[PDB]
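Worksheet: one structure, shown below.
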Amino acid sequence: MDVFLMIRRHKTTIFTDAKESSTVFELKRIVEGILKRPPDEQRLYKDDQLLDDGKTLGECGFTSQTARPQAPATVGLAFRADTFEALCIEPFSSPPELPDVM
Amino acid sequence: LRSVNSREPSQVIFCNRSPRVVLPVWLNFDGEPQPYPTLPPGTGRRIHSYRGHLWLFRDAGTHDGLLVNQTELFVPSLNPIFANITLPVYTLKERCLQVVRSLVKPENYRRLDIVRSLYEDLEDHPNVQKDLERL
Amino acid sequence: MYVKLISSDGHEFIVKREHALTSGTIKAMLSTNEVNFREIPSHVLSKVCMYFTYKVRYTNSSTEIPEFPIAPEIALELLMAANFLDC
């Protein structure tokens with residue numbers, strides 16, 4: 001079963017997919033291939049909750065029903081540089097006022 | 001592009017796999033579109049038709065095009081035959097037009113702040129007569 | 001394998017190359033596997049990327065396809081982006 005994700009840190013957002021059965025660590029390996037940073041220098045969060053390497057995305061509640069392709073689930077990403085930064089995700093820009101018409 | 005007059009009965013089920021109110025459309029023997037009563041999104045209906053007759057299906061409120069067994073036209077064959085009415089994967093442009101069309105009245109299309117081209121694109125509503133010409 | 005689409009406000013969206021090539025326009029911009037969109041903001045480009053994942057999954061699948069959601073506040077700018085990127 002595919003789960004569809006946005007891995008987000010700062011102004012970075014990775015769109016990828018994975019299996020419910022794959023693990024947080026395996027998700028970190030995917031982050032490694034893209035941002036070129038090792039797993040031990042990554043922390044992954046579901047909201048403010050720190051995710052453990054051995055747990056499957058399904059157990060962390062990334063499921064086919066909530067991580068859909070048109071509506072992906074957010075996974076927070078935090079790096080360490082010998083200390084880990086706090087988890088920070090910069091929000092997307094805000095839409096303009098809805099025009100008188102709509 | 002019209003219904004064959006086989007007079008060979010064929011029973012069909014209109015399965016609406018879509019969030020839209022579906023308007024089924026029968027193309028009579030002269031090629032003219034015949035509107036039938038509408039199907040609410042998750043609902044069903046058993047229909048009496050005939051082999052070789054021609055059917056297409058549209059959003060009953062906006063005439064947006066829908067699929068039936070992954071094509072545009074459905075022809076009852078020898079027997080009931082299942083007609084699965086789905087959403088297509090619309091282009092992002094066309095789906096954006098649907099959302100904009102549903103939000104502003106056609107008088108005021110010209111008051112929004114977008115390109116020249118888009119106003120002609122917003123004005124060209126999906127049209128059963130137009131879609132038929134495509135031959 | 002991946003490319004970077006950068007919004008007008010500096011958000012970096014990273015998607016698979018195959019997804020990005022569904023736009024002819026992006027294929028043209030890519031021939032750094034990066035593309036800078038000086039007129040498409042973050043709340044539009046993220047929706048664009050969601051559409052890639054949605055188009056690739058539901059093209060050729062017959063499993064029942066869901067509505068692609070577009071919030072009213074986003075429709076005008078998403079329309080302008082979709083029109084410019086031909087998608």
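Chains: A, B, ... in order of the structure tokens. Residues: from 1 per chain. Ligands: from 1, in order shown.
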Please list as a short mmCIF file (atom, residue, chain, number, x, y, z; two decimals) with C-alpha atoms, in the first residue's frame every residue within 9 Å of residue 72 in chain B, counting only C-alpha atoms and excluding residues in the same chain fewer than 5 positions away.
```cif
data_model
loop_
_atom_site.label_atom_id
_atom_site.label_comp_id
_atom_site.auth_asym_id
_atom_site.auth_seq_id
_atom_site.Cartn_x
_atom_site.Cartn_y
_atom_site.Cartn_z
CA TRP B 55 -24.71 6.66 -24.67
CA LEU B 56 -22.55 9.34 -23.12
CA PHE B 57 -22.51 10.92 -19.67
CA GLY B 65 -17.29 15.36 -19.52
CA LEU B 66 -17.30 12.05 -17.66
CA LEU B 67 -16.16 8.58 -18.63
#
```
According to DSSP computed on the backbone, where in chain A is there alpha helix (DSSP H)? Give the residues as number ranges by chain. A: 24-35
Residues as selected, N, CA, C and O atoms, written as a PDB file, in the first residue's frame, can you do that?
```
ATOM      1  N   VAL A  24      10.712   4.205   9.141  1.00  0.00           N
ATOM      2  CA  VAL A  24      11.213   5.558   9.284  1.00  0.00           C
ATOM      3  C   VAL A  24      12.656   5.617   8.818  1.00  0.00           C
ATOM      4  O   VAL A  24      13.046   6.523   8.074  1.00  0.00           O
ATOM      5  N   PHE A  25      13.465   4.622   9.208  1.00  0.00           N
ATOM      6  CA  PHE A  25      14.861   4.611   8.778  1.00  0.00           C
ATOM      7  C   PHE A  25      14.956   4.534   7.254  1.00  0.00           C
ATOM      8  O   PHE A  25      15.698   5.295   6.619  1.00  0.00           O
ATOM      9  N   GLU A  26      14.212   3.613   6.652  1.00  0.00           N
ATOM     10  CA  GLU A  26      14.175   3.574   5.200  1.00  0.00           C
ATOM     11  C   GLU A  26      13.683   4.896   4.602  1.00  0.00           C
ATOM     12  O   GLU A  26      14.253   5.368   3.607  1.00  0.00           O
ATOM     13  N   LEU A  27      12.738   5.584   5.257  1.00  0.00           N
ATOM     14  CA  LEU A  27      12.377   6.910   4.759  1.00  0.00           C
ATOM     15  C   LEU A  27      13.577   7.845   4.841  1.00  0.00           C
ATOM     16  O   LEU A  27      13.877   8.558   3.873  1.00  0.00           O
ATOM     17  N   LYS A  28      14.336   7.779   5.946  1.00  0.00           N
ATOM     18  CA  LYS A  28      15.548   8.592   6.077  1.00  0.00           C
ATOM     19  C   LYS A  28      16.581   8.275   4.992  1.00  0.00           C
ATOM     20  O   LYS A  28      17.309   9.175   4.548  1.00  0.00           O
ATOM     21  N   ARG A  29      16.657   7.007   4.548  1.00  0.00           N
ATOM     22  CA  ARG A  29      17.575   6.666   3.465  1.00  0.00           C
ATOM     23  C   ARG A  29      17.168   7.375   2.186  1.00  0.00           C
ATOM     24  O   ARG A  29      18.032   7.854   1.432  1.00  0.00           O
ATOM     25  N   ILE A  30      15.854   7.468   1.943  1.00  0.00           N
ATOM     26  CA  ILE A  30      15.337   8.221   0.806  1.00  0.00           C
ATOM     27  C   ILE A  30      15.725   9.690   0.926  1.00  0.00           C
ATOM     28  O   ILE A  30      16.200  10.302  -0.037  1.00  0.00           O
ATOM     29  N   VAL A  31      15.607  10.260   2.124  1.00  0.00           N
ATOM     30  CA  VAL A  31      16.046  11.641   2.306  1.00  0.00           C
ATOM     31  C   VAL A  31      17.529  11.749   1.996  1.00  0.00           C
ATOM     32  O   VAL A  31      17.981  12.713   1.373  1.00  0.00           O
ATOM     33  N   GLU A  32      18.300  10.736   2.375  1.00  0.00           N
ATOM     34  CA  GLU A  32      19.734  10.789   2.129  1.00  0.00           C
ATOM     35  C   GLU A  32      20.041  10.887   0.642  1.00  0.00           C
ATOM     36  O   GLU A  32      20.895  11.675   0.220  1.00  0.00           O
ATOM     37  N   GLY A  33      19.365  10.083  -0.175  1.00  0.00           N
ATOM     38  CA  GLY A  33      19.651  10.126  -1.599  1.00  0.00           C
ATOM     39  C   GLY A  33      19.394  11.469  -2.235  1.00  0.00           C
ATOM     40  O   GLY A  33      19.997  11.781  -3.263  1.00  0.00           O
ATOM     41  N   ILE A  34      18.552  12.295  -1.623  1.00  0.00           N
ATOM     42  CA  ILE A  34      18.148  13.541  -2.248  1.00  0.00           C
ATOM     43  C   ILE A  34      18.951  14.673  -1.627  1.00  0.00           C
ATOM     44  O   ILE A  34      19.652  15.403  -2.329  1.00  0.00           O
ATOM     45  N   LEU A  35      18.877  14.828  -0.319  1.00  0.00           N
ATOM     46  CA  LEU A  35      19.553  15.954   0.307  1.00  0.00           C
ATOM     47  C   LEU A  35      20.986  15.636   0.721  1.00  0.00           C
ATOM     48  O   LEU A  35      21.666  16.522   1.245  1.00  0.00           O
TER      49      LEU A  35
END
```
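Any residue of chain B with an atom no more than 12 Å from chain A counts as a contact; using only C-alpha atoms, that gives residues 89, 92, 99, 100, 101, 102, 103, 104, 105, 106, 107, 108, 109, 110, 111, 112 and 113 of chain B.
Minimum atom-to-atom distance to residue 43 in chain C, evaluated using only C-alpha atoms, belongs to C:77 out of C:67, C:18, C:77, C:12.
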Env of residue 38 in chain B: 12 Å cut, atoms = only C-alpha atoms, seq-sep filter 2 positions within chain, self excluded. Answer as a ChimeraX atom specification. /B:14-16,20-25,35-36,40-45,57-61
Selection near residue 95 in chain A, 12 Å with only C-alpha atoms, sequence-local residues under 5 positions removed, as an MDAnalysis selection string: chainID C and resid 40:44 71:78
Can those selected residues be exported to a file as a CSV table (one decimal), in the first residue's frame so that it contains N, CA and C atoms?
```
chain,number,residue,atom,x,y,z
C,40,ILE,N,5.3,32.1,-9.8
C,40,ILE,CA,4.4,31.1,-9.2
C,40,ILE,C,4.8,31.0,-7.7
C,41,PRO,N,3.9,31.4,-6.8
C,41,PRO,CA,4.1,31.4,-5.3
C,41,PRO,C,4.0,30.0,-4.8
C,42,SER,N,4.3,29.8,-3.5
C,42,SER,CA,4.4,28.6,-2.8
C,42,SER,C,3.0,27.9,-2.7
C,43,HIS,N,2.0,28.6,-2.4
C,43,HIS,CA,0.6,28.0,-2.4
C,43,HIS,C,0.1,27.5,-3.7
C,44,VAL,N,0.7,27.9,-4.8
C,44,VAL,CA,0.3,27.4,-6.1
C,44,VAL,C,1.2,26.3,-6.6
C,71,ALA,N,-9.0,24.7,-3.6
C,71,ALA,CA,-9.7,25.7,-2.7
C,71,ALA,C,-10.0,26.9,-3.5
C,72,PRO,N,-11.2,27.5,-3.3
C,72,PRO,CA,-11.6,28.7,-4.1
C,72,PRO,C,-10.5,29.8,-4.0
C,73,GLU,N,-9.8,30.0,-2.9
C,73,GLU,CA,-8.8,31.1,-2.8
C,73,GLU,C,-7.6,30.9,-3.7
C,74,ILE,N,-7.4,29.7,-4.2
C,74,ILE,CA,-6.2,29.3,-4.9
C,74,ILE,C,-6.4,29.1,-6.4
C,75,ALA,N,-7.7,29.1,-6.8
C,75,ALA,CA,-8.1,28.8,-8.1
C,75,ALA,C,-7.6,29.7,-9.2
C,76,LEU,N,-7.7,31.0,-9.0
C,76,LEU,CA,-7.2,32.0,-10.0
C,76,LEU,C,-5.7,31.8,-10.3
C,77,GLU,N,-4.9,31.7,-9.3
C,77,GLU,CA,-3.4,31.6,-9.5
C,77,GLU,C,-3.1,30.2,-10.0
C,78,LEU,N,-3.8,29.2,-9.5
C,78,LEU,CA,-3.5,27.8,-10.1
C,78,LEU,C,-3.9,27.8,-11.6
```
Could you list, as a PyMOL selection string, every residue of chain B that has an atom within 10 Å of an atom of chain C, counting only C-alpha atoms? chain B and resi 17-20+69-70+84-100+102-103+112-115+117-118+121
Compile the residues of chain A that lie within 10 Å of chain C, evaluated using only C-alpha atoms, and express the compilation as a ChimeraX atom specification. /A:4-8,10-17,33-35,68-72,90-99,102
Run DSSP on the backbone and tell me which residues of range 1-134 of chain B come out as strand (DSSP E or B); list them as number ranges by chain. B: 9-17, 22-27, 33-35, 39, 46-50, 54-59, 65, 67-68, 71, 74, 81-86
What is the distance, in Å and to one decimal place, between CA of residue 9 in chain A and CA of residue 39 in chain C? 22.8 Å
Residues within 12 Å of residue 1 in chain B, only C-alpha atoms, excluding chain neighbours under 4 positions, as a count of residues only: 21
Selection near range 50-65 of chain A, 8 Å with only C-alpha atoms, sequence-local residues under 4 positions removed, as a list in words: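 Within the cut-off, the hits are residues 1, 2, 3, 4, 19, 20, 21, 22, 23, 24, 25, 26, 43, 44, 45, 46 and 73 of chain A.
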